[PDB]
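When a residue number appears, it is its place in the shown sequence, counting from 1. Whatever order the structure lists ligands and atoms in, that order sets their numbers, starting from 1.
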Amino acid sequence: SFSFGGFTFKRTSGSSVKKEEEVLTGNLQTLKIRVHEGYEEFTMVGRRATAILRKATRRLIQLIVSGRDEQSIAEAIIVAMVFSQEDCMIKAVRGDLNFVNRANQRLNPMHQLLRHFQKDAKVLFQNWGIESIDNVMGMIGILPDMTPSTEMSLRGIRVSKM
Ligand SMILES: O=C(O)[C@H]1[C@H]2CC[C@H](CC2)[C@@H]1Nc1nc(-c2c[nH]c3ncc(F)cc23)ncc1F
Ligand SMILES: [Br-]
Ligand SMILES: [Br-]
């Protein structure tokens, strides 16, 4: 078990190895991240949302989420998008150079990224991508404005209807 973003993560299948990599954020800062390489599935358990996250190397494959309300679901989706380590999430960082502003505090870069997007996820959601969805009974899309859609969704994301 490990906690991230206030969700308890448990790997339910697969495996990964860690490759240290320097990535360039949207505001041109460098982070040294432990990139997980391989196919994995995780459960995410929160107080107000639960999800199943299937991913590969720097790629969200599927996120199925259920939650108390749109804000709780969005909270789970932000964490999953950061945890994915996707390039479009890295490139969505904007604003003050506040990863650079911290030198000898030697903070965890994945925690820095999540804390950044917890301030304002609009650019993260607008740059993630949307796709057309199959009509799966009990499941619905969620758009970048966090409204439901039966026809389109944020890429790889589906909501299991309360
Ligand atoms: O510093 C780390 O590497 C920590 C922080 C940032 C993400 C996880 C939770 C906090 C990470 N811890 C763990 N990650 C992982 C892990 C497996 N696949 C992953 N893919 C992406 C990722 F991002 C983390 C992981 N497994 C065990 C862990 F214990
Ligand atoms: Br890291
Ligand atoms: Br469209």
Side-chain angles (χ1 to χ4, degrees), residues 2-9 11-18 22-27 29-31 33-47 49-65 75-93 98-119 121 123-135 139-145 147-159:
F2 56 92
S3 187
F4 183 65
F7 296 84
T8 302
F9 279 69
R11 187 167 64 194
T12 53
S13 68
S15 66
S16 59
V17 290
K18 293 127 65 188
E22 289 185 313
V23 303
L24 190 65
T25 68
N27 60 351
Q29 304 178 98
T30 294
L31 292 167
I33 61 154
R34 270 179 292 191
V35 169
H36 288 258
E37 296 196 303
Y39 310 125
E40 293 169 305
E41 182 183 287
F42 295 83
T43 61
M44 291 169 65
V45 177
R47 282 265 307 274
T50 305
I52 297 157
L53 175 58
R54 286 157 207 215
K55 67 172 292 277
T57 307
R58 305 199 62 192
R59 179 192 294 271
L60 190 147
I61 295 182
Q62 183 178 65
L63 186 75
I64 303 305
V65 49
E75 186 202 344
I77 293 171
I78 297 168
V79 174
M81 282 173 176
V82 173
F83 184 82
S84 79
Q85 303 184 310
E86 281 216 22
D87 181 61
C88 59
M89 176 274 298
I90 294 304
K91 293 333 193 57
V93 174
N98 56 26
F99 303 162
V100 166
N101 308 341
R102 323 136 176 183
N104 283 356
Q105 295 196 291
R106 296 172 306 156
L107 302 177
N108 179 284
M110 290 292 294
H111 273 103
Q112 289 172 288
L113 281 168
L114 181 51
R115 283 192 301 262
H116 170 73
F117 290 115
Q118 295 178 321
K119 295 170 187 175
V123 167
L124 171 65
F125 292 152
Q126 301 268 52
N127 279 270
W128 181 262
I130 61 170
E131 71 192 357
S132 50
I133 73 176
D134 291 344
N135 185 238
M139 297 281 164
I140 194 168
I142 181 162
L143 296 180
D145 66 359
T147 65
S149 174
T150 65
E151 302 184 355
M152 297 283 293
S153 193
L154 287 158
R155 172 174 52 76
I157 303 180
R158 305 291 182 269
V159 172

For this session: Could you tell me whether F7 and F83 have their ring centroids closer than 6.0 angstrom?
Result: no

Problem set entry | Candidate list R58, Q85, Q29, test side chain to side chain contact (heavy atoms under 4.5 Å, CB included), partner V23, passing option | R58

Exercise. Would you call the rings of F4 and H111 parallel, tilted or perpendicular, where under 30° means parallel and over 60° means perpendicular?
Worked result: perpendicular

For this session: Could you list which atoms of ligand 1 come closer than 4.0 Å to a heavy atom of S16?
Result: 17 (C), 18 (N)

Exercise. If you measure from atom 6 (C) of ligand 1 to every heavy atom of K55, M110, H36, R34, which option wins on shortest distance?
Worked result: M110

Exercise. When only distance counts, is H111 in polar contact with ligand 1, meaning an N/O pair under 3.5 Å?
Worked result: no

Exercise. With no hydrogens and no angle check, do the side chains of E41 and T12 hold a donor and an acceptor under 3.5 Å apart?
Worked result: yes

Problem set entry | Any N/O pair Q85/ligand 1 closer than 3.5 Å | no

Exercise. For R102, which residues count as a side-chain contact (heavy atoms from CB on, under 4.5 Å) partner, sequence neighbours excluded?
Worked result: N98, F99, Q105, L107, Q112, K119

For this session: Give the contacting part of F42 toward ligand 1: side chain, backbone, both or neither, where contact means a heavy-atom distance below 4.0 Å.
Result: side chain

For this session: Just let me know how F4 lines up against ligand 1, side chain, backbone, both or neither, with a heavy-atom cut-off below 4.0 Å.
Result: side chain

